[PDB]
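Residue numbers (the entry's author numbering), protein chains in the order written: chain i, 4 to 204; chain K, 4 to 51; chain P, 2 to 123, 143 to 269; chain O, 2 to 123, 143 to 269; chain E, 311 to 362.
Beta carbons: idealized from backbone N, C-alpha and C, even for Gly.
Data block below; observations after.
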Amino acid sequence: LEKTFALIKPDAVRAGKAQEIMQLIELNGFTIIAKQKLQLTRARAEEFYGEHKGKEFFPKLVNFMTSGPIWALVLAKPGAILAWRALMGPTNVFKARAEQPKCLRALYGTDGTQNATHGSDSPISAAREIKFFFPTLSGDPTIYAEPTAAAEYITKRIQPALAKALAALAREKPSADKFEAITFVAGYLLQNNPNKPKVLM
Amino acid sequence: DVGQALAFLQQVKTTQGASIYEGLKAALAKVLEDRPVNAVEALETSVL
Amino acid sequence: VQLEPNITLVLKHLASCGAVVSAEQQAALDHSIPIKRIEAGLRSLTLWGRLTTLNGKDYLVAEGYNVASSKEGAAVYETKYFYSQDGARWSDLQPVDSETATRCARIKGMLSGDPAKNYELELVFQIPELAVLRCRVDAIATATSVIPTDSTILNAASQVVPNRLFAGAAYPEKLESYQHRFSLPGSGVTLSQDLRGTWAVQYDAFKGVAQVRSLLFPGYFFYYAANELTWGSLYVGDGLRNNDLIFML
Amino acid sequence: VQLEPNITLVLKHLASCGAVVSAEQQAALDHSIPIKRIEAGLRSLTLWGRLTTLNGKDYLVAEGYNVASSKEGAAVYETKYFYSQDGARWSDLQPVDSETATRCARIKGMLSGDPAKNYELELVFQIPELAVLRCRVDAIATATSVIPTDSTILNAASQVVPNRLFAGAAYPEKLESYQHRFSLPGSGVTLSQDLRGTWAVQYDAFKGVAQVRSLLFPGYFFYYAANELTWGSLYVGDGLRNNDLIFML
Amino acid sequence: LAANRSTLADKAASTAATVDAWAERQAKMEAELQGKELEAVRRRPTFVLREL
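In structure tokens:
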């Protein structure tokens, strides 16, 4: 059982074809574990399409994805990535109509870049995009729980501020009650951190 | 390993006559067969 | 959600589709359906339809049933039918034989209002009008009887009961949301495994109301209101299916 | 088993009690209830009642809640109220601060039509008529708002939600079978715990419809059909209170 | 849940079998009754002739 990312572009939404696509997706054995209708801004779209970053089609591609609300879906299936790649069919809409009819790109997609769907290529990009659009959707418990990778992540996170917080806790030595120490270290962390700034009125 | 947890969950008994393992299994079976509307809250409201 | 279809809801949502009943008949149904329901032991008894006649005394037909079992891989609802010329008094609609139904099938045009008429078929055969009416009603009932998919569910002792935890049919503007009552709840047979052009569906998304019209029998209508989660079906017209359907599509 | 009371079943079951609305206003309601329900982001919106004015232009009042949570032993519903002279266009009823909420209970007599009317009370205090209407609606809702017992249940995070498995109330004739809306499901508080002779229940055993009328507020009716579990309520008439209850009974 | 479906089907089949067994027992009893009546009818003339 694997989870892939997918999104319905504004061309299949301005034509009111989103629900038909969702029903077709559910008919082929997929499961929509998470869905959200949203509207990307220019900066968010540019950050999402980082792999292209200045290619020939990038201007029109980023100008199109911010022309209306899209849908974002997380599909779940044993062969989700490959099966969804097949279900969408070939990227080029005219080549899709020629080769494989009765595919979502052939039916709903038109006019080249407006292929009416977007899917993930590999599990790396799938996980990256899922975390991009669903920050709180749990997943991938095997690629983060390696003792080497766990130690590496703890190393990346602790030197910035937690070591300093522990040093301050040891030097100040507040009430021996552990709850006060927990509160003090939490305040120190939420006050001193390299990622977020300090907020003042 | 998982064997320890499985062997442990079958000795512990709950307020009901069955073990906690069997109780959770029956709750999941009912949830899977019925497919309730708001399922997660139906676990605390309807199945148990 | 609903336990039984409500007559006033059916008449209110099918008013556009042309399925209407007169004022006197409406009030008489309101006052007389419970009486006939309680006279028998039927847990359910509702208006089934209104067949048109030649003299002007339309046949009001109601059907009822007690319990809904599952038997030989299908939902077998043991039904009982009643008819009337006025909404007040309800008379039994006797079931017909097999060969009598085969002969029933050969009578066309609207049957007359008088239930004492006799039709002549061919060695000659005499066919009572009540037999013809029952033949037509059972034909329509067998052909088209819509309920939203998974609105019912099995239970202990294997009786098809309503599903009180019905979430609502998803994508209700498509025929995969509705099914014949005879189809078992678990099975995936729905209103899409029959002929491709014998059902029409209109949908209002803002009010969330779906209307399903049968084209094989142009008098059968069904509504599903999603916000209230209430569904109901009616028949208005003579019990004739249009065999010349293909030229119409 | 229902999740929200219909506006058609309420008008049908309460028609005899005089709780009726004009046909044009009924069609306008049917169209413009979902419009206001979506314009205001409310999951539930139903017609609450109809108040009489010195003009023919009565105030139709509809209430709707988005969240409903247990708070200090009270099932607090975050209700919003809307008013309309005609069924088409709705306006809002802003809540009333306590000073004017106490200076509005002394103003009596049936309201005028224009909601821009200023009553003058005793130095002189100017109070808007919309404030008086809001006060009267709040008083009637506090005194009267009635639902069947066990029709609501408490889930995790302490929210009151409809009981999908509500099987109905045995002994619908007894007042014990009914409770106020703001009573917690666990607490055994009902209408029996009110004053002895302030609620009259007439139950038709045959049709299975019970009818509860408020005598302290004469214009509040609540029907409960038990054969199909459907309960609704409406207030029709002026919002004034019946002080001298002891003499009348 | 698969086992639950199987057990439910088995229980329904058992009840149907009980009903059918009752029906066939009633039919057999009726047939034996008819046999006894026919035997008595056949026997009567000899009885009224030579054993009254």
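| Asked | Found |
| --- | --- |
| Following a CB-centred definition, is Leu110 (chain i) positioned closer than 6 Å to any heavy atom of the ligand COA? | As for the ligand COA, it is missing from this structure, which has no ligand bound. |
| Would DSSP call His200 (chain P) helix, strand or coil? | strand |
| Which of the three DSSP states is assigned to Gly188 (chain O) in this structure? | coil |
| Along the chain, which unbroken stretches of the alpha helix (DSSP H) at least 4 residues long are found entirely within the region 138 to 187 of chain i? | 150 to 160 and 166 to 175 |
| For a test of the three-state rule: what should DSSP assign to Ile147 (chain P), helix, strand or coil? | strand |
| Excluding the five sequence neighbours on either side, which residues of its own chain have a C-beta within less than 6 Å of the C-beta of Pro177 (chain i), listed in chain order? | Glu183, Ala184 and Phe187 |
| Return the chain-ordered ranges of every alpha helix (DSSP H) run that is complete within the region 66 to 93 of chain P and spans a minimum of 4 residues. | none |
| How should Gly42 (chain P) be labelled, buried or exposed, when 16 other C-beta atoms within 10 angstroms of its C-beta is the threshold for buried? | exposed |
| Please classify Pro182 (chain O): does DSSP put it in a helix, a strand, or coil? | strand |
| Considering only the beta carbon of each residue, do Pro6 (chain P) and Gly252 (chain P) sit closer than 7 Å? | yes |
| Using a Cβ-Cβ cut-off of less than 7 Å, give me the residues of the region 170 to 184 of chain O that come near chain K, in sequence order. | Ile173, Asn175 and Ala176 |
| By the DSSP assignment, the beta strand (DSSP E) with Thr101 (chain O) in it spans what residues? | From DSSP, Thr101 (chain O) is part of no beta strand (DSSP E) but of the alpha helix (DSSP H) over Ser99 to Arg104. |
| Quick check: is the beta carbon of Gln39 (chain i) nearer than 7 Å to any beta carbon in chain P? | no |
| Classify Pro138 (chain i) as buried or exposed, calling it buried when 16 or more other Cβ atoms lie within 10 Å of its own Cβ. | exposed |
| Report all residues from its chain with a CB closer than 6 Å to the CB of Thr218 (chain P); omit the five preceding and five following residues, and keep chain order. | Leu235 and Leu236 |
| Just reading off the alpha helix (DSSP H) that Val202 (chain i) is part of, what are its end residues? | That residue, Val202 (chain i), is in no alpha helix (DSSP H); it is neither H nor E in DSSP. |
| Please decide whether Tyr191 (chain P) counts as near chain i, where near means a Cβ-Cβ distance under 7 Å. | yes |
| Name, going along the chain, the residues of the region 18 to 46 of chain i whose beta-carbon falls closer than 7 Å to a beta-carbon of chain P. | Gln22 and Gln26 |
| Please check if any C-beta of chain P sits within less than 7 Å of the C-beta of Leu348 (chain E). | no |
| Taking Cβ positions only, does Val15 (chain K) come closer than 7 Å to chain P? | no |
| Between which residues of its own chain and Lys58 (chain P) is the CB-CB distance below 6 Å, once the five residues before and five after are set aside? | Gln86 and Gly114 |
| For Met204 (chain i), does the count of other Cβ atoms within 10 angstroms reach 16, so buried, or fall short, so exposed? | exposed |
| Mind the definition here: the region 186 to 201 of chain O touches the region 163 to 173 of chain O only if three or more C-beta pairs lie below 8 Å; say whether that holds. | yes |
| Would you please verify whether the beta carbon of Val5 (chain K) is less than 7 Å from any beta carbon of chain P? | no |
| I need the DSSP call for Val40 (chain K), collapsed to helix, strand or coil. | coil |
| Near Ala32 (chain K), which residues of its chain fall below 8 Å by C-beta distance, leaving aside the five closest residues on each side in sequence? | none |
| Below 8 Å on C-beta distance, what does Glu25 (chain K) contact in chain O? | Within 8 Å Cβ-Cβ: nothing; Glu25 (chain K) doesn't reach chain O, min ~23 Å. |
| Going by C-alpha to C-alpha distance, which of P:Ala89, P:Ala63, P:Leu215 and P:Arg156 sits closest to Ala24 (chain P)? | P:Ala89 |
| Assign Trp74 (chain i) to buried or exposed, taking buried as 16 or more other Cβ atoms, counted over all protein chains shown, within 10 Å of its Cβ. | buried |
| Roughly how many whole angstroms lie between the Cα atoms of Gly82 (chain i) and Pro39 (chain K)? | 27 Å |
| Helix, strand or coil: which one does DSSP assign to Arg17 (chain i)? | helix |
| Distance check for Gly206 (chain P) and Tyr111 (chain i), CA to CA, integer angstroms please. | 32 Å |
| Between P:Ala117, P:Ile147, P:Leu215 and P:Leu143, which lies nearest to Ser99 (chain P) when the distance is taken from Cα to Cα? | P:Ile147 |
| Check distances from the C-beta atoms of the region 6 to 29 of chain P to those of chain i and list, in chain order, the residues that come in under 8 Å. | none |
| Taking the alpha helix (DSSP H) that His55 (chain i) falls in, what are its first and last residues? | It is not in any alpha helix (DSSP H) - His55 (chain i) carries neither H nor E in the DSSP assignment. |
| With the cut-off set at 7 Å, would you say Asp14 (chain i) and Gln117 (chain i) are in Cβ contact? | yes |
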